[PDB]
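Residue numbers (PDB author numbering), protein chains in the order written: chain B, 13 to 204, 220 to 282; chain D, 12 to 204, 219 to 282; chain C, 13 to 202, 219 to 282; chain A, 13 to 204, 219 to 282.
Note sheet for the following structure.
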Amino acid sequence: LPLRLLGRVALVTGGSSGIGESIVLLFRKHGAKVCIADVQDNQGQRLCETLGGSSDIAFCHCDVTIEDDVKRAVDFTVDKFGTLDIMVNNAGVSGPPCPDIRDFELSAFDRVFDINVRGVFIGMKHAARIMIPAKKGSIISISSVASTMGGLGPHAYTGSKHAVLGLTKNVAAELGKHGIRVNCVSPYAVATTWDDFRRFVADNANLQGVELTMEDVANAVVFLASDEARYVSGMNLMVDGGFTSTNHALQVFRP
Amino acid sequence: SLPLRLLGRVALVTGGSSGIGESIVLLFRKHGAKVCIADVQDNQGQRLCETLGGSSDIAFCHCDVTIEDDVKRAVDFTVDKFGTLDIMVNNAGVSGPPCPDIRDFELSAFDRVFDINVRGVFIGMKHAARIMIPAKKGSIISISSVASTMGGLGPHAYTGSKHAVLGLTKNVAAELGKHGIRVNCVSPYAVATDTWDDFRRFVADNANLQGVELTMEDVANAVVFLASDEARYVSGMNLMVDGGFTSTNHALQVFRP
Amino acid sequence: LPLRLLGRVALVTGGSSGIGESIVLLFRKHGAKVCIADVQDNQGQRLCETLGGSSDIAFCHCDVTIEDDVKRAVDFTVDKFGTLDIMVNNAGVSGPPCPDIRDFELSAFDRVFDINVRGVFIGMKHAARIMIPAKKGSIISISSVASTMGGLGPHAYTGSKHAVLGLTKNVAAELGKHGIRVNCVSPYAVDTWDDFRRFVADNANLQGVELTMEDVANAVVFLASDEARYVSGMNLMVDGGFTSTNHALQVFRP
Amino acid sequence: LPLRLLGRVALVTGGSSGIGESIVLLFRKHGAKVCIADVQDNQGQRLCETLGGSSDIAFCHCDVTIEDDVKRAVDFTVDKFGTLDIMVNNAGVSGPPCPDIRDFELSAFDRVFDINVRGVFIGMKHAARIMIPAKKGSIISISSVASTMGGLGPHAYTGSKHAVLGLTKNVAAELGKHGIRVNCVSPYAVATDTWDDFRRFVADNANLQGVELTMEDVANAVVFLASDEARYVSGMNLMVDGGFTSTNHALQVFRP
Numbered sequence: 013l014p015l016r017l018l019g020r021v022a023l024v025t026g027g028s029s030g031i032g033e034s035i036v037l038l039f040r041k042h043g044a045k046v047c048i049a050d051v052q053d054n055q056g057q058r059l060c061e062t063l064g065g066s067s068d069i070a071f072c073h074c075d076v077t078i079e080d081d082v083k084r085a086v087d088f089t090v091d092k093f094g095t096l097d098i099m100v101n102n103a104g105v106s107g108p109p110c111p112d113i114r115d116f117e118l119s120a121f122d123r124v125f126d127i128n129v130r131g132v133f134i135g136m137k138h139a140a141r142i143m144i145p146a147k148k149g150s151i152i153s154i155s156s157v158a159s160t161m162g163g164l165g166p167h168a169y170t171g172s173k174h175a176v177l178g179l180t181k182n183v184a185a186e187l188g189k190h191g192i193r194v195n196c197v198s199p200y201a202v203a204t220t221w222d223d224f225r226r227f228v229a230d231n232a233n234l235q236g237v238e239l240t241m242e243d244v245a246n247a248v249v250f251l252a253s254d255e256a257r258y259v260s261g262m263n264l265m266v267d268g269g270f271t272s273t274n275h276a277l278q279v280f281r282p
Numbered sequence: 012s013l014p015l016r017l018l019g020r021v022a023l024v025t026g027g028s029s030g031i032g033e034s035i036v037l038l039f040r041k042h043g044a045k046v047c048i049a050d051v052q053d054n055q056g057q058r059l060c061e062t063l064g065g066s067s068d069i070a071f072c073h074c075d076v077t078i079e080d081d082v083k084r085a086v087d088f089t090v091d092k093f094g095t096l097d098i099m100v101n102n103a104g105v106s107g108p109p110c111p112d113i114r115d116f117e118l119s120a121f122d123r124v125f126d127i128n129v130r131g132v133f134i135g136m137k138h139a140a141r142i143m144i145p146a147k148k149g150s151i152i153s154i155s156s157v158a159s160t161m162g163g164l165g166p167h168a169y170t171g172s173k174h175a176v177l178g179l180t181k182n183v184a185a186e187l188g189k190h191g192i193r194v195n196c197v198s199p200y201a202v203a204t219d220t221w222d223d224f225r226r227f228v229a230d231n232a233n234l235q236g237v238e239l240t241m242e243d244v245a246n247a248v249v250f251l252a253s254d255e256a257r258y259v260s261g262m263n264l265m266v267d268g269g270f271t272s273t274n275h276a277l278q279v280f281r282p
Numbered sequence: 013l014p015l016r017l018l019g020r021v022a023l024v025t026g027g028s029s030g031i032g033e034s035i036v037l038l039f040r041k042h043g044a045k046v047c048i049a050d051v052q053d054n055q056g057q058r059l060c061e062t063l064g065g066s067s068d069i070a071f072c073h074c075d076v077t078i079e080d081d082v083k084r085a086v087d088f089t090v091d092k093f094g095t096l097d098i099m100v101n102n103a104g105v106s107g108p109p110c111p112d113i114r115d116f117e118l119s120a121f122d123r124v125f126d127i128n129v130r131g132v133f134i135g136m137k138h139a140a141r142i143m144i145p146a147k148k149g150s151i152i153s154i155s156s157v158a159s160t161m162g163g164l165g166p167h168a169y170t171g172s173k174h175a176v177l178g179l180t181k182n183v184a185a186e187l188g189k190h191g192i193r194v195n196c197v198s199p200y201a202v219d220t221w222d223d224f225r226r227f228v229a230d231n232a233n234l235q236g237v238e239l240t241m242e243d244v245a246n247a248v249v250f251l252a253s254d255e256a257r258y259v260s261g262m263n264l265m266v267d268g269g270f271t272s273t274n275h276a277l278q279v280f281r282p
Numbered sequence: 013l014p015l016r017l018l019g020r021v022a023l024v025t026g027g028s029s030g031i032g033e034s035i036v037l038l039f040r041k042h043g044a045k046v047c048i049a050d051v052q053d054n055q056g057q058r059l060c061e062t063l064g065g066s067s068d069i070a071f072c073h074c075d076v077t078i079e080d081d082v083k084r085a086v087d088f089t090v091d092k093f094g095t096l097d098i099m100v101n102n103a104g105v106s107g108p109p110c111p112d113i114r115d116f117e118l119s120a121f122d123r124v125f126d127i128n129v130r131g132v133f134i135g136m137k138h139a140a141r142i143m144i145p146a147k148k149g150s151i152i153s154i155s156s157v158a159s160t161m162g163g164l165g166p167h168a169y170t171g172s173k174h175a176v177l178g179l180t181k182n183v184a185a186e187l188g189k190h191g192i193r194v195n196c197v198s199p200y201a202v203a204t219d220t221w222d223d224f225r226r227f228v229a230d231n232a233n234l235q236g237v238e239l240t241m242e243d244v245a246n247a248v249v250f251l252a253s254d255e256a257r258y259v260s261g262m263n264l265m266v267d268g269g270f271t272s273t274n275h276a277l278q279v280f281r282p
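Printed below as a string of structure tokens:
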């Protein structure tokens with residue numbers, strides 16, 4: 013059986029660390045060619061040194077809040093590997109916790125929407141510039157459980173994660189007529220006072236007995252990137268173990 | 012007979028000079044409320060100001076909802092006129108030009124829509140909260156649209172912002188529930204605010234509910250409901266006024282020819 | 013200002029007690045003529061004696077699990093008051109708590125779907141028989157928060173409440189072409221009396237107010253009136269934000 | 013790289029034909045052992061002769077509307093292959109089209125809920141009897157787009173598909189504490219005079235153009251939720267509708 017992504021070209025924004033690093037590593041294992049677009053042009057190569065000088069991985073410096081940067085990333089990728097088949101919008105931030113809305117600064121608010129929403133739309137816009145004439149492609153954005161439910165995070169974070177789902181569904185509507193799939197992946201809180224946050228998210232988890240790892244989220248992306256999701260679009264794939272579809276506040280099934 | 016449904020309540024309406032906001036203001040006033048309009052362009056702001064008359068239970072404050080200090084002055088003005096703030100209506104909203112190809116969507120156009128639709132709504136929540144939290148009572152209502160739940164019903168920036176408003180509504184409802192404050196949003200179907222007849226026929230043909238046309242007063246009635254004590258335990262709700270448009274899909278012609 | 017439901021005829025299934033009793037009382041305050049369809053004539057009229065022997069309220073005995081019973085209710089209401097404008101499907105049960113699915117009896121399962129789903133569909137079907145030629149009407153079903161989220165109740169209950177939402181949306185699709193509105197109302201939970225009262229309030233999103241039966245009734249009155257003349261396919265939550273939020277991570281609640 | 017389901021035991025209700033046949037064939041390609049539970053034991057083995065002879069596939073006659081039948085299916089599978097790791101509830105019917113609710117017979121209504129809802133719950137109940145002491149497993153039900161949107165099918169069908177989603181979420185809540193994943197897969201209409223014309227019709231109203239929804243596409247979704255790549259996926263309605271339910275092209279914003 014061939015590798016699930018053999019020959020496909022992928023661009024991953026924020027791939028230098030965190031979930032993006034997992035996605036990049038998993039994509040390579042399944043035969044993909046991957047370009048990382050991330051800030052701090054030193055660190056993206058610094059990660060690239062760790063994984064080696066493979067001729068199927070490349071780094072482009074890109075601030076996803078600048079349209080011309082993301083443009084240069086896509087133009088760079090198609091010049092290395094000849095096309096662009098997968099676009100992963102992983103750049104995302106949360107903002108500081110704010111327990112009282114009366115202390116929520118609009119500057120903090122503005123920054124989160126600039127990165128979480130504007131950055132994702134720019135990625136869709138320039139991936140579309142390649143994928144539409146090819147009549148094929150797969151666009152994947154990393155949302156979180158805050159895309160479907162309130163109270164799971166700060167206001168600007170929750171609003172932006174909802175906005176990403178709305179963009180996903182609307183752009184899925186426009187790009188469906190060209191064969192382009194748009195989807196988003198919404199994870200539960202992932203660890204990495221360490222075992223204290225690790226215990227907390229596990230105690231409030233619906234699914235007990237396994238910990239949500241970064242590789243779990245990556246596996247969801249790999250699915251939506253491959254031809255096994257060939258007819259999947261406009262979908263918010265939850266990797267929350269059932270956290271959002273349930274509520275154990277009345278203690279019907281949990282003590 | 013029975014008392015008026017909003018008697019003695021103070022309301023602030025952003026964008027009340029025209030359109031749906033004008034209906035909300037007029038309906039609120041019919042049910043006994045005191046209303047302050049916050050709207051831009053004092054030329055249009057005075058335009059309605061004279062239009063309604065000179066009553067001592069209506070007032071106008073000039074406010075660009077994209078400026079936090081403007082909305083701050085609106086709230087501070089209202090509580091100085093009528094003594095408190097019980098209802099906050101975020102009706103300022105824009106759609107943007109139609110754009111059929113994402114490859115031609117300008118980020119400046121994108122930025123403007125989110126500034127007004129999302130940032131303006133959050134600022135309204137933030138400063139209404141500054142009054143309503145110490146009173147331990149209030150009702151915040153935002154005017155979304157059917158684009159808050161379904162894709163393809165409008166441009167990208169519009170659909171994203173309407174989704175963002177629903178997300179803010181639910182999240183702020185989570186924070187303000189502790190204090191007895193209700194946060195909800197109202198999502199209308201397209202309203203026809219010779220080409221008028223042509224758009225009017227188009228939205229009616231694609232409507233789920235036939236034999237009636239969505240008027241501005243219909244949307245206002247939904248707000249009046251969520252503003253009153255008949256919605257005393259309603260919060261976090263996206264009250265659709267779409268006649269079933271979003272909950273159904275007649276593309277397979279099971280029930281429509 | 014006139015009463016919000018003046019001259020309107022309403023049928024309420026399960027209106028002898030609980031939420032249905034409040035819906036009936038509220039409907040009458042707003043000028044409606046109301047027919048109650050409920051079991052146990054010995055009690056169905058006995059409560060109808062406490063309200064009084066008015067000429068704008070009537071009782072018909074009806075097992076909502078029997079199609080011919082619901083049929084006679086609608087035929088009775090129309091013969092009393094001349095038409096049928098509002099149909100309220102309030103008959104609903106939950107079943108015993110079952111903490112382990114391996115002990116869930118299928119007979120218990122069958123009974124809940126018979127009353128909660130089959131009873132609601134029969135109500136829609138025979139209300140439709142009147143409302144379609146009139147080209148007007150409003151059908152309202154009483155769901156609960158279990159219509160949108162799992163874990164808030166037993167399996168058969170949660171499944172049936174989801175089924176009611178699905179029927180509501182699908183029948184809204186068919187009856188929209190005739191001007192008929194279909195909606196559903198999903199309430200939050202309303219010495220064990222007092223200790224249940226504190227428990228639902230502690231886990232409530234909206235604090236400082238308790239969900240009363242009159243609150244749910246007000247939602248129905250809204251969807252029954254012309255103030256909702258363009259509302260259809262809607263699941264109106266009266267849960268104070270309970271289903272749209274989750275305080276398990278203690279972001280906003282301690 | 014090993015096969016994605018190597019050593020896992022799966023029970024598939026309705027596996028003789030349609031989507032279930034593809035799920036069985038795909039599961040087998042990825043190393044799984046499969047038991048088919050389907051009515052009409054005549055045809056039920058006829059497929060088991062169609063696919064071929066194998067010591068990793070088996071057939072049990074089972075009416076999913078009878079609890080004791082499904083019970084015997086699970087007890088049969090565990091005795092053949094030693095455990096039960098995957099349970100697929102594919103048995104499902106739709107009922108005749110009914111354009112006017114005033115002509116909808118309650119007998120027709122009763123039959124659809126008996127098979128679509130009661131059959132699915134029985135499958136969950138008896139899969140749970142095995143999977144809870146093992147502290148592992150994956151339960152997958154085949155819903156359709158009618159689980160999320162009205163108007164896409166008859167009333168009894170749409171109600172039952174909604175009920176299945178509700179059961180999925182609620183049972184996911186109870187079985188999460190044991191490590192058991194419950195999910196459902198909701199496909200768009202699959203084609204396989220009125221063949222090429224129903225096929226041309228669902229494609230015109232599809233959001234995603236240039237690709238036809240095949241049965242193998244739906245099977246791939248199940249394989250995903252059956253494997254350890256969905257190890258933390260539960261309570262999920264995985265749409266395979268190409269974006270059909272998340273969009274609405276009635277206003278012709280993006281489609282002419």
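Don't be surprised by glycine CBs; every beta carbon is placed ideally from N, CA and C.
Close CB contacts of C/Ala185 within its chain, under the 8 Å cut and outside five residues either way in sequence, are with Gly261 (chain order). About 5 Å separates the beta carbon of C/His190 from that of C/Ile144, a gap short enough to meet the 8 Å contact definition. The C-alpha of D/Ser119 is placed about 33 Å away from the C-alpha of B/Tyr200.
For C/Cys72, same chain residues with a beta-carbon under 8 Å away, outside a window of 5 residues either side, are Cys47, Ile48, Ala49, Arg84, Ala85, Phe88 and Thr89 in chain order.
For B/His73, the enclosing beta strand (DSSP E) begins and ends at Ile69 to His73. Taking a 10 Å sphere around the C-beta of C/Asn54, we find fewer than 16 other C-beta atoms and assign the residue as exposed. Just so you know, the alpha carbons of A/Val197 and A/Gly178 end up roughly 13 Å apart.
In the DSSP assignment, the residues bridged to C/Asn195 are C/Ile152.
Under DSSP, no beta-bridge partner is assigned to B/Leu251. Nearest neighbour of C/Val100 by Cα position, chosen from C/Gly135, C/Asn233, C/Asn182 and C/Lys41, turns out to be C/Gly135. A distance below 6 Å between beta-carbons, with the five flanking residues on each side excluded, links A/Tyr258 to no residue of its chain. The beta carbon of C/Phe280 falls within 8 Å of a beta carbon belonging to chain D, placing the residue at that interface. Among the bridge pairs identified by DSSP, C/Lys45 is matched with C/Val21.
Neighbours of A/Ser272 in chain D, taken as residues whose beta carbon is under 8 Å from its own, are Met161 and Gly162 in chain order. In the DSSP assignment, B/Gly162 is bridged to C/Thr273. In the three-state reduction of the DSSP assignment, D/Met143 falls in the helix class, which pools H, G and I. Of B/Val248, B/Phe125, B/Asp81 and B/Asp126, the smallest CA-CA separation from B/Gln52 is found for B/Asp81. Around the CB of A/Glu61, fewer than 16 other CB atoms lie within 10 Å, so the residue is classed as exposed. In the structure shown, the three-state DSSP call for B/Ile98 is strand. Between the segment 106-118 of chain D and the segment 63-70 of chain D, the count of Cβ pairs shorter than 8 Å is below three; the stretches do not touch. Under the 8 Å Cβ criterion, the segment 31-48 of chain D does not count as touching the segment 241-258 of chain B, having fewer than three qualifying pairs. Residues of chain D whose Cβ lies closer than 8 Å to the Cβ of C/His275 are, in chain order, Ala185. Cβ contact annotation for A/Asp267 (same chain, cutoff 6 Å, sequence separation greater than five): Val157 and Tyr200, in chain order. For A/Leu15, there is no enclosing beta strand (DSSP E), as DSSP marks it with neither H nor E. Taking a contact to require three or more Cβ pairs closer than 8 Å, the segment 161-169 of chain D and the segment 268-278 of chain A qualify as touching. Less than 8 Å separates the beta-carbon of A/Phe93 from that of A/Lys45.
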